[PDB]
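Visitor: Here it is: the structure, laid out below.
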Amino acid sequence: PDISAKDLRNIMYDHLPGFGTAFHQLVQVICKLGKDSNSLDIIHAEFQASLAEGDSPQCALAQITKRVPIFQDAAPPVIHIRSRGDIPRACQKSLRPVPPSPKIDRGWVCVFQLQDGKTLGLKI
């Protein structure tokens with residue numbers, strides 16, 4: 001059965017320690033851009049191949065952003081939220097001012113856009 005965005009998310013989550021870490025958000029970001037570019041199959045295959053070579057699942061996610069062409073020179077997605085508290089506790093210390101030209105393949109997972117207009121980049 002064709003792997004869905006949700007199936008892939010759950011497969012990746014199964015391998016990650018903790019919850020709501022920056023890698024969890026990256027899984028969400030990768031699956032969304034993957035689905036929108038009909039690339040869930042190759043992303044899943046790259047993920048599995050990295051783990052089978054003995055990479056940690058965190059390193060496997062980083063390699064997807066470098067090896068799957070849709071992530072090449074891609075800006076992080078904007079994620080509209082209300083306040084900073086809407087960001088999971090485990091991501092809090094990874095939040096930074098947004099740089100000029102942040103890129104997914106440089107570790108900028110996403111940009112949180114807050115109600116009051118504040119913006120925060122999520123960095124791995």
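How things are named: the first chain in the structure tokens is A, the next is B, and so on; residues count from 1 in each chain; ligands count from 1 in the order shown.
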Just asking: which residues within segment 24-63 of chain A are alpha helix (DSSP H) according to DSSP, as a ChimeraX atom specification?
Guide: /A:24-36,40-52,57-63
Visitor: Output the selection as a compact mmCIF listing (two decimals), in the first residue's frame - N, CA and C atoms for each residue.
Guide:
```txt
# COMPACT_ATOMS: atom_id res chain seq x y z
N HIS A 24 11.55 15.98 15.55
CA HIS A 24 10.13 15.70 15.33
C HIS A 24 9.50 16.72 14.38
N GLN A 25 9.83 17.99 14.56
CA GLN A 25 9.27 19.02 13.69
C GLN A 25 9.80 18.83 12.27
N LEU A 26 11.06 18.44 12.15
CA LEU A 26 11.68 18.21 10.84
C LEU A 26 10.97 17.07 10.11
N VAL A 27 10.64 16.00 10.83
CA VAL A 27 9.86 14.92 10.24
C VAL A 27 8.58 15.51 9.65
N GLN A 28 7.91 16.36 10.42
CA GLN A 28 6.65 16.93 9.95
C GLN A 28 6.87 17.77 8.69
N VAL A 29 7.95 18.55 8.71
CA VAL A 29 8.30 19.41 7.58
C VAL A 29 8.65 18.62 6.32
N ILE A 30 9.45 17.57 6.49
CA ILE A 30 9.86 16.69 5.40
C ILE A 30 8.65 15.98 4.79
N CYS A 31 7.75 15.49 5.63
CA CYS A 31 6.59 14.75 5.12
C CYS A 31 5.63 15.65 4.36
N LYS A 32 5.46 16.88 4.83
CA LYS A 32 4.58 17.81 4.15
C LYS A 32 5.13 18.22 2.79
N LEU A 33 6.39 18.63 2.73
CA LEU A 33 6.99 18.99 1.44
C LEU A 33 7.08 17.76 0.54
N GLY A 34 7.32 16.59 1.13
CA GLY A 34 7.38 15.34 0.37
C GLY A 34 6.05 15.02 -0.29
N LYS A 35 4.97 15.08 0.48
CA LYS A 35 3.64 14.82 -0.07
C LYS A 35 3.29 15.81 -1.19
N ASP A 36 3.63 17.08 -0.99
CA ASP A 36 3.29 18.11 -1.96
C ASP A 36 4.13 18.03 -3.23
N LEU A 40 7.11 11.03 -1.37
CA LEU A 40 7.13 10.31 -0.11
C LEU A 40 7.87 8.98 -0.26
N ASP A 41 7.78 8.38 -1.44
CA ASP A 41 8.43 7.08 -1.61
C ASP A 41 9.95 7.18 -1.56
N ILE A 42 10.53 8.10 -2.33
CA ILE A 42 11.99 8.25 -2.29
C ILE A 42 12.49 8.75 -0.93
N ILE A 43 11.71 9.57 -0.24
CA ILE A 43 12.12 10.04 1.09
C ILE A 43 12.15 8.85 2.05
N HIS A 44 11.14 8.00 1.94
CA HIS A 44 11.07 6.82 2.80
C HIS A 44 12.25 5.90 2.51
N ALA A 45 12.56 5.71 1.22
CA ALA A 45 13.66 4.83 0.82
C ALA A 45 15.02 5.35 1.27
N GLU A 46 15.21 6.66 1.16
CA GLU A 46 16.44 7.28 1.64
C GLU A 46 16.56 7.14 3.15
N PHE A 47 15.46 7.33 3.87
CA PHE A 47 15.44 7.16 5.32
C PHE A 47 15.86 5.74 5.70
N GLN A 48 15.24 4.75 5.06
CA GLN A 48 15.52 3.35 5.36
C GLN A 48 16.95 2.95 5.02
N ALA A 49 17.46 3.49 3.91
CA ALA A 49 18.81 3.18 3.46
C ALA A 49 19.85 3.73 4.41
N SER A 50 19.61 4.93 4.95
CA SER A 50 20.52 5.51 5.93
C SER A 50 20.58 4.68 7.20
N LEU A 51 19.43 4.23 7.68
CA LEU A 51 19.42 3.44 8.91
C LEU A 51 20.10 2.09 8.70
N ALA A 52 19.95 1.56 7.49
CA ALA A 52 20.53 0.28 7.12
C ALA A 52 22.04 0.38 6.93
N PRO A 57 18.93 7.93 13.33
CA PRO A 57 17.79 8.44 12.57
C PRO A 57 17.84 9.96 12.40
N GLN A 58 18.45 10.66 13.35
CA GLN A 58 18.66 12.10 13.19
C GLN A 58 19.54 12.41 11.98
N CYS A 59 20.65 11.68 11.85
CA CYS A 59 21.52 11.86 10.69
C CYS A 59 20.82 11.49 9.38
N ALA A 60 19.93 10.51 9.45
CA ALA A 60 19.15 10.10 8.28
C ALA A 60 18.23 11.21 7.81
N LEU A 61 17.62 11.93 8.75
CA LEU A 61 16.76 13.05 8.37
C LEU A 61 17.60 14.17 7.74
N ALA A 62 18.78 14.43 8.30
CA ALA A 62 19.67 15.45 7.73
C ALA A 62 20.07 15.09 6.31
N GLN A 63 20.34 13.81 6.07
CA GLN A 63 20.74 13.36 4.74
C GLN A 63 19.61 13.43 3.70
```
Visitor: Run DSSP on the backbone of this structure and report the residues of segment 39-112 of chain A it assigns to strand (DSSP E or B), as a PDB file with C-alpha atoms, in the first residue's frame.
Guide:
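Generated file (out_15.pdb):
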```pdb
ATOM      1  CA  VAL A  78       6.327  29.204   7.657  1.00  0.00           C
ATOM      2  CA  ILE A  79       4.252  27.799  10.512  1.00  0.00           C
ATOM      3  CA  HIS A  80       1.726  30.321  11.844  1.00  0.00           C
ATOM      4  CA  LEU A  95      14.604  28.654  18.540  1.00  0.00           C
ATOM      5  CA  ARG A  96      16.679  31.496  17.089  1.00  0.00           C
ATOM      6  CA  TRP A 108      16.634  25.573   9.494  1.00  0.00           C
ATOM      7  CA  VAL A 109      13.645  23.307  10.053  1.00  0.00           C
ATOM      8  CA  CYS A 110      10.930  25.936   9.933  1.00  0.00           C
ATOM      9  CA  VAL A 111       9.984  29.480  10.811  1.00  0.00           C
ATOM     10  CA  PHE A 112       7.335  30.009  13.479  1.00  0.00           C
TER      11      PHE A 112
END
```
Visitor: Between A:77, A:21, A:70, A:56, which one has atoms that come closest to residue 93 of chain A, using only C-alpha atoms?
Guide: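 Between A:77, A:21, A:70, A:56, the residue approaching residue 93 of chain A most closely is A:21.
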Visitor: Select, from A:10, A:83, A:94, A:39, the residue with the minimum atom-to-atom distance to residue 117 of chain A, counting only C-alpha atoms.
Guide: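 Closest to residue 117 of chain A of all the choices is A:83.
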Visitor: Taking only C-alpha atoms into account, which of A:81, A:90, A:22, A:68 comes nearest residue 122 of chain A?
Guide: A:22
Visitor: For residue 19 of chain A, which residue among A:97, A:69, A:88, A:76 is the nearest when counting only C-alpha atoms?
Guide: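 Closest candidate: A:88.
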Visitor: Check the smallest atom-to-atom distance from each of A:100, A:38, A:4, A:91 to residue 23 of chain A using only C-alpha atoms, then report the winner.
Guide: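 For residue 23 of chain A, the nearest of the candidates is A:91.
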Visitor: Could you tell me how far atom CA of residue 54 of chain A lies from atom CA of residue 124 of chain A, in Å and to one decimal?
Guide: 20.4 Å
Visitor: For residue 66 of chain A, which of A:2, A:14, A:105, A:116 is the closest residue, counting only C-alpha atoms?
Guide: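 Closest to residue 66 of chain A of all the choices is A:105.
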Visitor: Can you work out the spacing between atom CA of residue 8 of chain A and atom CA of residue 65 of chain A in Å, to one decimal?
Guide: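 About the pair atom CA of residue 8 of chain A and atom CA of residue 65 of chain A: they are 15.3 Å apart.
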